[PDB]
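See structure below.
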Protein chains: 2
Amino acid sequence: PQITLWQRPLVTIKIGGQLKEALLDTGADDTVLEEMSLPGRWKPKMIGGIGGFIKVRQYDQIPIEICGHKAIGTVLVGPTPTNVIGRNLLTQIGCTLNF
Amino acid sequence: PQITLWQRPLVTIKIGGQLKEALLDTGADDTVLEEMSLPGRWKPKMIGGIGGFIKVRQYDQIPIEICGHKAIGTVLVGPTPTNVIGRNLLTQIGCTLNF
Ligand SMILES: CNC(=O)[C@@H](NC(=O)[C@@](O)(CCCN(Cc1ccc(-c2ccsc2)cc1)NC(=O)[C@@H](NC(=O)OC)C(C)(C)C)Cc1ccccc1)C(C)(C)C
């Protein structure tokens, strides 16, 4: 699909069998979601945003559907103001910027 | 043009007679740049992202040029870790997300 930016590019994603709303963010290297449960072991990661740094839990090879498109990748879980889908997953679904 | 997301979507912008590198961010409500001088009146604003909030100065009706495309809009100036071009300007240059 072609998404304009007059409104926030919020889309429905499916992870762990649950539906959630997330923001397609081209300015994000990684994908970070609000607190949730995920299987397996996690690794620590410190990420930086406009307001500073936060600690997150890193889960790899996690299946996640974005707007119906299937992806399997790294998902970070932590105190984020909103669920954000970063380039690591936007690339998996073939997303690009055009103007 | 079509910008891939394998790498950070960085572009050159012309603003206030200066050339700066900025990140095209579909997940950003506003456009925020590192400390710089801009003409006209302004008002304080607090913006939030990952890590918390930072205080910036809000300048409205500021001429800007991105990848050759001219536009005008609000530009926030403050201690941002990186220059971000938000939706308020991305819309003006006809930028869309496609997949
Ligand atoms: C309502 N707030 C906003 O729209 C704000 N948006 C954001 O912060 C984001 O759009 C992300 C902005 C892009 N930043 C750029 C950046 C790059 C390097 C550093 C940096 C470099 C060294 S120290 C800090 C700091 C910021 N990107 C990010 O924040 C992401 N970080 C990242 O890719 O880092 C490598 C991540 C944390 C989401 C993964 C995420 C977001 C969207 C909606 C609601 C809440 C949050 C605002 C435009 C005001 C700044």
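Just so you know, these numbers use all the heavy atoms, side chains as well, and skip hydrogens, waters and symmetry mates. Chain naming here is simple, since letters A, B, ... match the order of the sequence lines and numbering starts at 1 in each.
In this structure, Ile3(B) is a member of the same hydrophobic cluster as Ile64(B), with clusters built from ILVMFWY side-chain heavy atoms closer than 4.5 Å. Neither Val56(B) nor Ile62(B) shares a network with the other; the hydrophobic side chains, linked directly or stepwise wherever heavy atoms of I, L, V, M, F, W or Y lie under 4.5 Å apart, form separate groups for each. Two different hydrophobic clusters hold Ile93(A) and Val32(A) under the rule that ILVMFWY side chains link at heavy-atom gaps under 4.5 Å. In this structure, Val11(A) is a member of the same hydrophobic cluster as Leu33(A), with clusters built from ILVMFWY side-chain heavy atoms closer than 4.5 Å.
Residues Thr26(A) and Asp25(B) bring no donor and acceptor atom of their side chains to less than 3.5 Å of each other.
Listed by first then second residue, pairs satisfying ring pair (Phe, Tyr, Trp, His ring centres under 6.0 Å) with a partner in residues 1-20 of chain A number zero, not counting sequence neighbours. Residue pairs meeting the ring pair (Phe, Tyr, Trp, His ring centres under 6.0 Å) criterion with at least one partner in residues 77-99 of chain B, sequence neighbours excluded, are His69(A)-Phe99(B). The stretch residues 16-36 of chain B participates, sequence neighbours left out, in no ring pair (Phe, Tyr, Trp, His ring centres under 6.0 Å) pair at all. Residue pairs meeting the salt bridge (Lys or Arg N to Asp or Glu O under 4.0 Å) criterion with at least one member in residues 83-99 of chain A, sequence neighbours excluded: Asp29(A)-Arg87(A).
The side-chain heavy atoms of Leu90(A) and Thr31(A), taken from C-beta on, include no pair separated by under 4.5 Å. For the pair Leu97(A) and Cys95(B), the minimum side-chain heavy-atom distance is below 4.5 Å. Side-chain atoms of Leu89(A) and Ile13(A), non-hydrogen and from C-beta on, never get closer than 4.5 Å to each other.
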Show me the donor-acceptor pairs, under 3.5 Å and distance only, between side chains in residues 42-53 of chain B and residues at least two apart or in other chains.
from     : atom 1 : to       : atom 2 : distance (Å)
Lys45(B) : NZ     : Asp30(B) : OD2    : 3.4

What side-chain donor-acceptor pairs closer than 3.5 Å can you find for residues 73-85 of chain A, not counting sequence neighbours?
from     : atom 1 : to       : atom 2 : distance (Å)
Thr74(A) : OG1    : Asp60(A) : OD1    : 2.7
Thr80(A) : OG1    : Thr82(A) : N      : 3.4
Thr80(A) : OG1    : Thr82(A) : O      : 2.8
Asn83(A) : OD1    : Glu34(A) : N      : 2.8
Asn83(A) : ND2    : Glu21(A) : O      : 3.0

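Formation of a donor-acceptor pair under 3.5 Å by the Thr91(B) side chain with backbone atoms of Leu5(A) is not found in this model.
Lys70(A) pairs by the salt bridge (charged side-chain N to carboxylate O under 4.0 Å, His left out) definition with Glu65(A), not counting sequence neighbours. Residues satisfying the side chain to side chain contact (heavy atoms under 4.5 Å, CB included) test with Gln2(A), not counting sequence neighbours, are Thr96(B), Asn98(B). Taking the side-chain hydrogen bond (donor to acceptor under 3.5 Å, both in side chains) definition, one finds that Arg57(A) meets it with nothing, sequence neighbours left out.
Chaining together hydrophobic side chains whose heavy atoms lie under 4.5 Å apart places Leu10(B) alongside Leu23(B).
Within a 6.0 Å radius of CZ in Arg41(A), other residues, nucleotides and ligands contribute 12 heavy atoms or fewer. Residue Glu35(B) places its CD atom among more than 12 non-hydrogen atoms of other residues, nucleotides or ligands, all under 6.0 Å distant. The 12-atom threshold is not exceeded at NZ of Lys14(A), counting heavy atoms of other residues, nucleotides or ligands nearer than 6.0 Å. The environment of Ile72(A) atom CD1 is sparse: at most 12 non-hydrogen atoms of other residues, nucleotides or ligands sit within 6.0 angstrom.
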